[PDB]
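For reference, the structure is listed below as structure tokens.
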Amino acid sequence: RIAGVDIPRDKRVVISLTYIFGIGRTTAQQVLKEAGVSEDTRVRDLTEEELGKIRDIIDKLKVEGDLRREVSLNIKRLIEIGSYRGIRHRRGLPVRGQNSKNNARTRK
Amino acid sequence: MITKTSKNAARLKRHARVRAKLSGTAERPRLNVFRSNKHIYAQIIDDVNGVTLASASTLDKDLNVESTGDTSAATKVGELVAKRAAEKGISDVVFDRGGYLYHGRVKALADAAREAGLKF
Amino acid sequence: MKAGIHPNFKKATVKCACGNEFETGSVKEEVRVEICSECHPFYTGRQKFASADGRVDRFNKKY
Amino acid sequence: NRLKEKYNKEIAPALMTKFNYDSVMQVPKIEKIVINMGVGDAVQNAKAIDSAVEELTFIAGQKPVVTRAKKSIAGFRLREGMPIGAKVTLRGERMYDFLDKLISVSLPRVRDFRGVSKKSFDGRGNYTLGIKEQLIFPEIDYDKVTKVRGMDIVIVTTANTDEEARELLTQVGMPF
RNA sequence: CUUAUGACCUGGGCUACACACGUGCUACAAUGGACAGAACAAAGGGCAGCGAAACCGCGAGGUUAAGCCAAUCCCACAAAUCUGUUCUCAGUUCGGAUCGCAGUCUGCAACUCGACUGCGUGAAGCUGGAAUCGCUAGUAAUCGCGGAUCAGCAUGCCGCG
RNA sequence: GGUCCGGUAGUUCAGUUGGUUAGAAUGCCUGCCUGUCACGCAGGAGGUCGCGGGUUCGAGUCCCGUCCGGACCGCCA
RNA sequence: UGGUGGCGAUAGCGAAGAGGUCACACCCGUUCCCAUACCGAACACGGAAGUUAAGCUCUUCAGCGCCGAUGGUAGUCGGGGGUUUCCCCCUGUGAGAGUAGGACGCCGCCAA
RNA sequence: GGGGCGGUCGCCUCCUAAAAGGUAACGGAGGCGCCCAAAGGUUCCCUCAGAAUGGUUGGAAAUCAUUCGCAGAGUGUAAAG
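Those sequence lines, one after another, are chains M, l, 6 and c. Under the authors' numbering, the first residue of the first sequence is numbered 3, with each subsequent residue one higher. Under the authors' numbering, the first residue of the second sequence is numbered 1, with each subsequent residue one higher. Under the authors' numbering, the first residue of the third sequence is numbered 1, with each subsequent residue one higher. Under the authors' numbering, the first residue of the fourth sequence is numbered 2, with each subsequent residue one higher.
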């Protein structure tokens, strides 16, 4: 729809474009202000040109179809590059130096 | 290129299939048709001697019609081969469609022969 | 066509967002297209005009 | 229709000069596009195929055919006789209509797209494609779809070798 | 023992990880969350230190720098609270875990092995079995704020309202 | 030597019939209680069916054969 | 050259090469009979734009497949022996997988 | 192949069976005491099993597409034809 992904239609547009992969709340709000399309709209009943002038700005920033693969390529680069950080990523152990005695059930 | 069978080659199996059940002897000869995409032929065959009694076609040298491939020509060639049966009269003939389906120009030939008077 | 068991088929034009045309049939009557084959960058030959792309391995601490 | 006009006018002449065919009707021609649904049924819910049938009759222009399983295999708990998968063949103006929709709207609307696979060939000039999403043309009512099983696409040509089909499908419009 | 259980030096380890126990912190939400506005404390610290205002930087912070050996100056804009707008009961504008990217400070040095910022991603978790604990009023429960230790590092401790 | 029985979690028995689900006590592990241990209270895994072969979409459970045990009989001179 | 037949594929499967004005067939488009458990490739429907590409017909070849007696044997009827769970002699009879080669068609009947 | 004990007693299929039919044994192998309102009757139309290659859920095989493929597959059920 917007960039591949659909949008929950009955909500505010600022909350709704964060469901796409690549922009959070703060980054969404400033591109939405540059878009100039109100920023307090229900996306169910906006019009087509204010729908469409954000396409060009999300084209020149970057989203899932590119961020997913570049973070994948960078992380497998870190994998086979031979780093301690890469081998920790491989083995599922924590990476940011946290202790493995008592925690990190988020991984493994 | 995908193997598309020849329509005539597929037709031979159905014609042999129907010919296994029936054949045209003396004083009970076999009707025979051809349904080429441009012309319709009719033939009368005696099997015990391998000879033909009478025959007709759309490309006969007379009664040519701009149809020459339609049901009007089918009726005309049917009653043509009906009088061809009549002069050396058999007055009886068994039916044998040539691996076709009894609905179209073959049917036109059939009731052409019927009302012209070759008893089936 | 066994009638009734097939849905209705009719002429149904295409409006891309870029405004490109296409003489198309569909079961519906009208389709809004967000991105066409003349503007989606892979079918723009090879990234003709839709790109924000590039990748380097840069090792620069000179500031 | 438009594709038929372009194929008659320019596609077939260009390739017949390119392969130097003596008879101009030795030209390769796309024969049938068949769309085959497959459900991992195995007696889980009857309504999966009973939804995919009328989804595919909206994707194409006519009703599909519920395929019949050949033999039972208990490796899926598949009893022979209960229905699995759907199929529909497309030909005539219909095939060019569907390929039109494909090239025009469908592949650009995939969530992520790189070039179509280089060597999905049979070895004898046929091609097979696998897509993961039902979102082919945008006027499917996308809110009604529940399951996410995409489609299987089989184009059959009169190509005897892979190279002629490979070259002709380029000017058909398949990216590579 | 002085031809090492004594010294010197570099690097590593004291921070590991299939699991278990304890003590704490934070959540599972609308007596809420986000955004704007309005306030109202005590108690301490500051000279190889506190470092104002102003300017730059989205922000961590950076720059020139006022004053203060302090009931003058600085740390230092307290928060909870109240008023209004919005969200409309969902794994969510809850929750932020873990990760990728780009940075800030300190320090010879931030990889094992620091903290912080802007990003993007967004985890489990929708009140917790058998059990079991603290607490007789400014207490409990919640709300922030100081200090020590100190190049940098606090959810811990001590104390303050 | 013949005939008939059974061969299942570590142990003991169901399921072995229902061809189309592998279960129950006990044991073991973890947590709770107790000063500690034992009782007692919460949680959890396990076997993939004596073996081999054959039928069927599909065998623990159908049919043969091999092995292990048990019961019965092995008589008339 | 087309239609239809009989002969054990000695008829085939292969590999190559030619043909189409006529005939045959690919083709054209489903409108009305009729149809596609979905569809004019399929059934039919009614034409004739170009096409020997395929189908089909002829030309060549022993690669495969097929047919194939001659003299040899194995076996065996009947006699006759022997050291006899099996061997031997004679009058006959005649194995097949092996080659000599044959064959990559023979005869009609109706429409050119 | 003394009786007892064991096993068997009717019907169907193959081998034993000596190239017609038949042919015994406590000889060698299996099945049957049904099922099918169509798994019949006619009419009409097709054609397998397996393998190779592509295709996602999806594979060792679910469903498609192509090619090879005399019969390996089916033929309600035992074997034979």
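Just so you know, even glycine gets a beta-carbon here, dropped at the ideal spot from N, CA and C.
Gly6 (chain M) versus chain c: which residues are under 7 Å apart at the beta carbon?
Close partners of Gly6 (chain M) in chain c (Cβ separation under 7 Å): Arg112.
Would you kindly report the start and end of the unbroken alpha helix (DSSP H) that includes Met17 (chain c)?
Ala13 to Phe20
Residues in the stretch 121-149 of chain c having any Cβ partner in chain M nearer than 8 Å:
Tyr143
Let's see if you can read the secondary structure: which residues bound the alpha helix (DSSP H) around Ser52 (chain c)?
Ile50 to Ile60
Which term fits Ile74 (chain c), buried or exposed, when burial requires 16 or more other beta carbons within 10 angstroms of its beta carbon?
exposed
Could you compute how far the alpha carbon of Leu100 (chain c) sits from the alpha carbon of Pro14 (chain c)?
21 Å
List, in chain order, every chain 6 residue whose beta-carbon is nearer than 7 Å to that of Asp42 (chain M).
The premise fails here: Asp42 (chain M) is roughly 24 Å from chain 6 at the closest Cβ pair, so nothing lies under 7 Å.
For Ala86 (chain l) and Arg105 (chain l), what's the separation of their Cα atoms in angstroms?
Cα-Cα distance, rounded: 22 Å.
Buried or exposed (CB count within 10 angstroms, at least 16 for buried), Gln27 (chain c):
exposed
Top-ranked residue by Cα proximity to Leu63 (chain M), from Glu50 (chain M), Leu75 (chain M), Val33 (chain M) and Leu48 (chain M):
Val33 (chain M)
If you follow the beta strand (DSSP E) that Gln43 (chain l) is part of, which residue opens it and which one closes it?
Looking at the DSSP string, the run of the beta strand (DSSP E) that includes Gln43 (chain l) is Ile40 to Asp46.
Looking at C-alpha atoms only, which residue of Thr18 (chain c), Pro29 (chain c), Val25 (chain c) and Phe20 (chain c) is the closest neighbour of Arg125 (chain c)?
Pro29 (chain c)
Please check if any C-beta of chain c sits within less than 8 Å of the C-beta of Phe59 (chain 6).
no
Cβ of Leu101 (chain l) within 7 Å of any heavy atom in the ligand ADP?
Looking at this structure, you won't find the ligand ADP or any other ligand, since it has none at all.
Measure the alpha-carbon distance for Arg95 (chain c) versus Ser36 (chain l) and round it to whole angstroms.
Taking the straight line joining both Cα atoms gives about 29 Å.
What are the residues that DSSP puts in a beta bridge with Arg32 (chain 6)?
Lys15 (chain 6)
By the DSSP assignment, the alpha helix (DSSP H) with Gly88 (chain M) in it spans what residues?
That run of the alpha helix (DSSP H) goes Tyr86 to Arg93.
Which residue from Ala26 (chain l), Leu12 (chain l) and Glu27 (chain l) puts its Cα closest to that of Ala20 (chain l)?
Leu12 (chain l)
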